[PDB]
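> quick one, fold the following:
(chains A, B, C, D and E, ligands or ions: 2)
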Amino acid sequence: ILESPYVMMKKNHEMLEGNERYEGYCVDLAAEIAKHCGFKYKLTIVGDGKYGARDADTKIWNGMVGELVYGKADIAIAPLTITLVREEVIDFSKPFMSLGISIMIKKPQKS
Amino acid sequence: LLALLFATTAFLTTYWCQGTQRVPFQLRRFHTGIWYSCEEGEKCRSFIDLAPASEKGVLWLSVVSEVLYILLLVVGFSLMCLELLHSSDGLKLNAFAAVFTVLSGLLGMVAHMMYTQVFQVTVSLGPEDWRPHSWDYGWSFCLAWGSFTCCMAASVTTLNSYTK
Amino acid sequence: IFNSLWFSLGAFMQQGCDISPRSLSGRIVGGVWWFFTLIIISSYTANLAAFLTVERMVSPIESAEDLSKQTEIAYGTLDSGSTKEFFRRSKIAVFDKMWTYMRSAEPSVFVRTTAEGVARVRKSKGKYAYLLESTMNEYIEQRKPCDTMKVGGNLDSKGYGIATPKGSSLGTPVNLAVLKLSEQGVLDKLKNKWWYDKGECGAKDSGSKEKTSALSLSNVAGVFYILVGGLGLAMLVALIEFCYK
Amino acid sequence: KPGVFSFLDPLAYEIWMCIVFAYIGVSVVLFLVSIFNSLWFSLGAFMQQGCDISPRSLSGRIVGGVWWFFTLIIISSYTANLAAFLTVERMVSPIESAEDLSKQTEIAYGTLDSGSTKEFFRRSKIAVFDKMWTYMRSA
Amino acid sequence: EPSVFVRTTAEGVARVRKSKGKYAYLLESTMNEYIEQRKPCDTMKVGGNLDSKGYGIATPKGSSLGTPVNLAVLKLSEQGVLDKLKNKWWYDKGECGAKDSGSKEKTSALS
Ligand SMILES: O=c1[nH]c2cc(C(F)(F)F)c(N3CCOCC3)cc2n(CP(=O)(O)O)c1=O
Ligand SMILES: O=c1[nH]c2cc(C(F)(F)F)c(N3CCOCC3)cc2n(CP(=O)(O)O)c1=O
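Residues are numbered from 1 along each chain as shown, chains lettered A, B, ... in the order given. Ligands and ions are numbered 1, 2, ... in the order given. This is the structure:
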């Protein structure tokens, strides 16, 4: 998914082609997996822009989960929260990024 | 008289400061009054009682302190015209008349100091789209500062008549 | 007892007294209180010099316990998501107290987009806090105007992971890949890149840019009230002396 | 170096107006004991020089001390602010290495748009030179 | 010189206390969370952690027990069962309170 600073388009993304239209943290990370595992990769963007949620009635995973569960995509090098409801449907790797809910406040300049 | 004339000239201030947003947008000229914000395309609006929510509560007490400054200036003439009623106990009224004129500007300078406290805080807001690279105060507000010393020079000569 | 009370105020800081009980104990011990009170204004000016110089902006709160125990600064999450679901699910009472507040939050602190929640903190001038994910909070803090910041430790441990479909043989070399690259700091070099080197601020480069100047009028203007309040005392003691006349 | 305006540096220009326009308020208050005689004794109550004429213990003595109490805070603030200038002023150390340009971001620094010098920071794997090249790519 | 490397962790705790603040010490964050809560409580953790590390439940390779454990841990972390026990064995079992850090009085004027 197009997310800063993980996956972003280039400023000359129309000038560029292939997977080189992209930039970001997970884009260079996707190169590092191809450095380690030795494979050609195809960076694709999910259509609905969802991280992947299961329907309440039809029980259909959308998003990037729906591209992995329903065989559309091969791997998701993308910021995706490892949840239990997503653990049973797809194989997550180990967490590369420990994180959590943080408190964004304004920095003070007041008097 | 001269203290009263330039006091209401602060009430009739049509340019409190220049307003410059000549940013290379383009060149801009504002002329905001004490209440009524003119500008120059030639146009004039109000832009009174702006944000936020406790600086407005300053502006409640600020307007009241503007009213109390003008009312006590009227009290000075009314007892000195009772002096000319007796010029045509006397010293009790004219001594009382200089009290309210002195207590006028002491309220009024704070009224002139709260609105500068209004102006300095709101420029620290950078007012919603009108933040000037001016802040050249007055010009009649500088003439309103001379209204205070003309309330003081009026009082030093009428207490000089009170001693005898 | 009322005559020399002013000469104790005439011994308060300055203004050498005219009535002097020349050399007895009232002269000496009257100098002792005088000796004492000059220390107090001396430490006053020294401490006042330190406050005008160093200028550290004290952050108001650290933790989510601080936002729960007060109600001055509002705080919100996104109008939908797992974060709103988390406080709805977390049975720790401190998180439940915040979710007690956020359900009773009127007007709704829940904002529609994250970019709305960024500017709403900036618009409400610190009295609206906002809760979002730590690594995205790491990024927006580095982007200009850089007027928002992350305070306190993170509320819970969450982890983004590389996802392969279930049963795919690709994931185990990826599992060997990520645990190698995290061990070599390859993530950390890119984390330095896409947060700090691609950031619009250096948080200590902006921390190396803080040099302020002259005193405002604002500290004086509250002290005008004790001036004018003394000016109201000038007539009331005088007018009763006209009743003494 | 400037001149006359450096005397006026720590105390702001509107405060120079308000330190006098509050000082003139003391004048007839000293004459409310009963106007040019005790004006000097308000200047004799301005900082120092204890006054000879003392309206011993009435309200002119007390409130004449109140303005006196107020004005001794100021000059102390004047002394505190002027020292706050000079302490900042002496702590401005000039740049004497490339480490100094790397550790700050106030003064910008550049090289030519092409050449071995731009290539050098692009090639130098010393982190201080790499930090500058991190800055110059993000410049 | 002399070697700041100490032999045991308990030596490194007291050496900070013995050198009166002029000897800092680096140790793991969760153990630093525990020793800060134990009396005299004169040591403290400052700053964010240097790197992301994770303790995990370990089964031997190829054992079928690990995948229900993988469903177990991701459930208990989701419910805050770890966090309740983390409140227990660090703060409720700690010799100092959680808000005793809230009494470290701040930048106040003129002692
Ligand atoms: O599995 C999830 N992974 C997520 C990953 C990200 C990002 F880090 F960008 F990849 C974000 N964003 C934070 C930054 O602004 C854009 C959205 C939200 C995610 N949510 C939504 P939640 O339900 O509100 O937590 C998930 O559910
Ligand atoms: O061998 C080289 N010798 C060089 C000698 C000089 C001079 F100092 F003038 F002699 C200069 N200049 C620096 C001052 O401005 C005018 C040109 C550039 C040189 N370059 C180009 P680089 O690729 O930027 O190093 C070389 O390659």
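> the one helix or strand residue B:146 maps to and chain C, any residue contact?
Assigned by DSSP states H and E, residue B:146 belongs to helix B:140-158. No. Judged by Cβ under 8 Å from any Cβ of the partner chain, helix B:140-158 and chain C are separated, with a smallest distance of 13.3 Å. Any C-beta I mention is one placed from the backbone N, CA and C, and that applies to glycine too.
> do that helix and chain D come into contact?
Yes. Looking at helix B:140-158 against chain D by Cβ under 8 Å from any Cβ, the contacts come from B:145, B:148, B:149, B:152, B:155, B:156.
> which strand or helix spans the nearest residue to the fifth one once chain neighbours are set aside?
Take residue B:155 and drop its neighbours on the chain: the residue closest to it by Cβ to Cβ, 6 or more residues apart in numbering or on different chains is residue B:98, 4.6 Å away. Taking DSSP H and E as the criterion, residue B:98 maps to helix B:91-125.
> list the buried residues for that helix?
Residues of helix B:91-125 classed as buried: B:94-95, B:97-119, B:122 (neighbour count, 16 or more other Cβ atoms under 10 Å in any protein chain shown).
> how far does it sit from the chain's center?
8 Å (Cα atoms, centre = their mean, to the nearest Å).
> for chain C, longest strand please?
strand C:158-165 (DSSP state E).
> distance between stretch C:132-150 and the chain's centre?
Relative to its parent chain, stretch C:132-150 has a centroid offset of 17 Å by Cα atoms, centre = their mean.
> what residues does it touch?
Stretch C:132-150 has contacts (Cβ atoms under 8 Å, 6 or more residues apart in numbering or on different chains) with A:4-5, A:97, A:99-107, A:109, C:59, C:77-78, C:83, C:114, C:117-118, C:121-122, C:154, C:158, C:194-196, C:198-201, C:203, C:206.
> redo that, cut-off 7 Å
Residues external to stretch C:132-150 that are found in contact with it (Cβ atoms under 7 Å, 6 or more residues apart in numbering or on different chains): A:4-5, A:97, A:99-107, C:114, C:117-118, C:121-122, C:154, C:195-196, C:199-201, C:203, C:206.
> same check on stretch C:92-103?
The contact list for stretch C:92-103, computed with Cβ under 7 Å, 6+ apart, reads C:64, C:65, C:67, C:68, C:76, C:87, C:88, C:90, C:109, E:80, E:83.
> packing partners of the helix holding residue B:146?
helix B:2-11, helix B:91-125 (3 or more Cβ pairs under 7 Å, 6 or more residues apart in numbering or on different chains; DSSP states H and E).
> dump the ones you listed to JSON lines, plus distance to residue A:15.
Below are the helices and strands packed on helix B:140-158 laid out as JSON lines (distance: least, Cβ to Cβ, whole Å):
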{"stretch": "helix B:2-11", "distance to residue A:15": "61"}
{"stretch": "helix B:91-125", "distance to residue A:15": "42"}
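> quick one: closest of the ones you listed to residue A:50.
With Cβ to Cβ as the criterion, residue A:50 lies closest to helix B:91-125 of the helices and strands packed on helix B:140-158, at 40.0 Å.
> those residues of chain B touching chain D, which are they?
B:102, B:106, B:109, B:116, B:148, B:149, B:152, B:155, B:156, B:159, B:163 (Cβ under 7 Å from any Cβ of the partner chain).
> from those residues, which is closest to residue B:17?
Proximity of these to residue B:17 was ranked by Cβ to Cβ; the top entry is residue B:116 with 10.9 Å.
> which parts of the chain are strands?
Going with chain A. Going by DSSP E, chain A shows strands at A:8-9, A:22-23, A:90-99, A:101-106.
> oops, wrong one, chain C.
With DSSP E as the criterion, chain C has strands at C:74-76, C:128-133, C:148-151, C:158-165.
> nearest to residue D:8, out of those strands?
Closest among the strands of chain C, once you apply Cβ to Cβ, is strand C:148-151, at 36.5 Å.
> which residues does the residue of chain D at minimum distance from chain B contact?
Closest contact between chain D and chain B, by Cβ to the nearest Cβ, is at residue D:35 (4.9 Å). Shown in contact with residue D:35 (Cβ under 7 Å, 6+ apart): B:156, B:159, D:27, D:28.
> burial measure for the second one, as a count.
Using other Cβ atoms under 10 Å in any protein chain shown, residue B:159 has 18 other residues around it.
> state the distance from the closest residue to it other than its chain neighbours to residue D:28.
Here the nearest residue to residue B:159 in space, its sequence neighbours aside, is residue B:98; by Cβ to Cβ, 6+ apart that works out to 6.0 Å. According to Cβ to Cβ, to the nearest Å, residue B:98 and residue D:28 sit 8 Å apart.
> interface residues of chain A facing chain E?
Neighbours of chain E within chain A, by Cβ under 7 Å from any Cβ: A:84, A:87, A:98.
> check these against chain B, which are close?
Restricting the residues of chain A next to chain E to those within reach of chain B (Cβ under 7 Å from any Cβ) leaves nothing.
> list buried residues within those.
A:84, A:87, A:98.
> all strands of chain D, in order?
Listed in chain order, the strands of chain D (DSSP E) amount to none at all.
> find the nearest non-adjacent residue to the closest residue to chain E within it, please.
Closest approach of chain D to chain E (Cβ to the nearest Cβ) occurs at residue D:80, with a separation of 13.3 Å. Leaving out its chain neighbours, the residue that sits closest to residue D:80 by Cβ to Cβ, 6+ apart is residue C:49, at 3.8 Å.
> and residue A:101, by the same measure?
Closest residue in space to residue A:101, ignoring its immediate chain neighbours: residue C:155 at 4.2 Å, by Cβ to Cβ, 6+ apart.
> that neighbour against residue C:64, yeah?
Yes. With contact defined as Cβ atoms under 7 Å, residue C:155 and residue C:64 form a contacting pair (6.1 Å).
> excluding its backbone neighbours, what's nearest residue B:29?
residue B:40 (4.4 Å).
> isn't the one you found right up against residue B:32?
No. Residue B:40 lies out of contact with residue B:32 (Cβ under 7 Å); the separation is 11.1 Å.
> compare the two and say which one has the larger neighbour count.
Set residue B:40 next to residue B:32 and count neighbours by other Cβ under 10 Å: residue B:32 wins out with 24 against 11.
> from residue C:244, how far out is residue D:23?
Separation of residue D:23 from residue C:244 (Cβ to Cβ) stands at 30 Å.
> compare those two (neighbour count), which wins?
Between residue D:23 and residue C:244, counting by other Cβ under 10 Å, residue D:23 is the more crowded of the two (16 against 6).
> give me the number of residues near the residue nearest to that one when sequence neighbours are not counted?
Distances taken as Cβ to Cβ, 6+ apart put residue D:42 closest to residue D:23, at 6.8 Å, once the chain neighbours are dropped. Around residue D:42 there are 20 other residues, counting by other Cβ under 10 Å.
> and if you look at residue C:5?
There are 13 residues near residue C:5, going by other Cβ under 10 Å.
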